[PDB]
Amino acid sequence: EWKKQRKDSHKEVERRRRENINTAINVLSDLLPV
DNA sequence: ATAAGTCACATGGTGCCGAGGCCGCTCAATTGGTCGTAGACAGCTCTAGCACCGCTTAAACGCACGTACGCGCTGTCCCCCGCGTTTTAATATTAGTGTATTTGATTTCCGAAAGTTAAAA
């Protein structure tokens with residue numbers, strides 16, 4: 001049924017968001033003096 | 001309108017910190033069990049006892065009594081000490097050295113034990 005697929009896709013996009021935040025934090029951290 | 005998307009919310013869970021709760025290792029001497037032998041015993045016979053008379057006269061106890069002997073006696077000699085005093089040496093403190101003991105690791109020592117037999121009234 002389609003509703004579980006909707007939930008799975010929503011979960012996937014949420015995970016992508018969560019990963020993007022960490023990637024941005026890491027690349028920002030790599031530039032700092034310390 | 002709705003698939004994508006951001007977002008916060010809500011719950012997940014993973015990690016580290018005590019901590020009170022079980023647990024692990026060891027040695028005391030108990031008691032469990034088991035060999036083998038001191039122990040009490042099993043017919044026993046005869047020892048030196050200990051009466052059990054049955055004498056004798058050698059001790060012995062009293063009968064007498066006697067110097068010896070005692071026991072306080074008594075002038076007096078003496079000596080011990082109660083102090084008083086100077087001494088006087090006994091405190092009782094530190095001390096490090098100089099063996100004195102000393103407790104590990106053997107490491108020989110040697111006689112109790114197991115044959116084997118010498119000797120033994």
# chains A, B, ... in the order shown; residues from 1 in each chain; ligands from 1

$ interface_residues --of "chain A" --to "chain B" --cutoff "10 Å" --atoms "only C-alpha atoms (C1' of nucleotides)" --output "list in words"
residues 6, 9, 10, 13, 14 and 17 of chain A

$ write_last_selection --atoms "C-alpha atoms" --output "PDB file, in the first residue's frame"
ATOM      1  CA  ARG A   6       4.921   7.972   1.578  1.00  0.00           C
ATOM      2  CA  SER A   9      10.091   8.763   1.314  1.00  0.00           C
ATOM      3  CA  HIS A  10       9.431  11.409   3.973  1.00  0.00           C
ATOM      4  CA  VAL A  13      14.254  13.300   2.782  1.00  0.00           C
ATOM      5  CA  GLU A  14      14.463  14.004   6.515  1.00  0.00           C
ATOM      6  CA  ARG A  17      18.429  17.069   5.613  1.00  0.00           C
TER       7      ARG A  17
END

$ select_by_dssp --residues "chain A" --states "helix (DSSP H, G or I)" --output "list in words"
residues 2, 3, 4, 5, 6, 7, 8, 9, 10, 11, 12, 13, 14, 15, 16, 17, 18, 19, 20, 21, 22, 23, 24, 25, 26, 27, 28 and 29 of chain A

$ write_last_selection --atoms "C-alpha atoms" --output "mmCIF file, in the first residue's frame"
data_model
loop_
_atom_site.group_PDB
_atom_site.id
_atom_site.type_symbol
_atom_site.label_atom_id
_atom_site.label_comp_id
_atom_site.auth_asym_id
_atom_site.auth_seq_id
_atom_site.Cartn_x
_atom_site.Cartn_y
_atom_site.Cartn_z
ATOM 1 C CA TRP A 2 1.069 3.566 -0.777
ATOM 2 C CA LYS A 3 0.933 5.178 2.684
ATOM 3 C CA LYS A 4 3.975 3.271 3.946
ATOM 4 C CA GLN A 5 5.828 4.357 0.798
ATOM 5 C CA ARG A 6 4.921 7.972 1.578
ATOM 6 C CA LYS A 7 6.252 7.541 5.115
ATOM 7 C CA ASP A 8 9.468 5.963 3.818
ATOM 8 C CA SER A 9 10.091 8.763 1.314
ATOM 9 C CA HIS A 10 9.431 11.409 3.973
ATOM 10 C CA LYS A 11 11.881 9.637 6.283
ATOM 11 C CA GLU A 12 14.451 9.561 3.477
ATOM 12 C CA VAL A 13 14.254 13.300 2.782
ATOM 13 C CA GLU A 14 14.463 14.004 6.515
ATOM 14 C CA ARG A 15 17.613 11.881 6.731
ATOM 15 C CA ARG A 16 19.107 13.786 3.797
ATOM 16 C CA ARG A 17 18.429 17.069 5.613
ATOM 17 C CA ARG A 18 20.044 15.747 8.791
ATOM 18 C CA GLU A 19 23.121 14.620 6.851
ATOM 19 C CA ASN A 20 23.410 17.956 5.037
ATOM 20 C CA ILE A 21 23.589 19.826 8.347
ATOM 21 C CA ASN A 22 26.498 17.667 9.519
ATOM 22 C CA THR A 23 28.298 18.032 6.186
ATOM 23 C CA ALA A 24 28.006 21.816 6.382
ATOM 24 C CA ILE A 25 29.299 21.805 9.960
ATOM 25 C CA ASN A 26 32.303 19.656 9.034
ATOM 26 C CA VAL A 27 33.305 21.731 6.015
ATOM 27 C CA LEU A 28 32.926 24.924 8.055
ATOM 28 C CA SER A 29 35.058 23.465 10.856
#

$ atom_distance --atom1 "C1' of residue 27 in chain B" --atom2 "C1' of residue 105 in chain B"
24.5 Å

$ atom_distance --atom1 "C1' of residue 37 in chain B" --atom2 "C1' of residue 112 in chain B"
18.8 Å
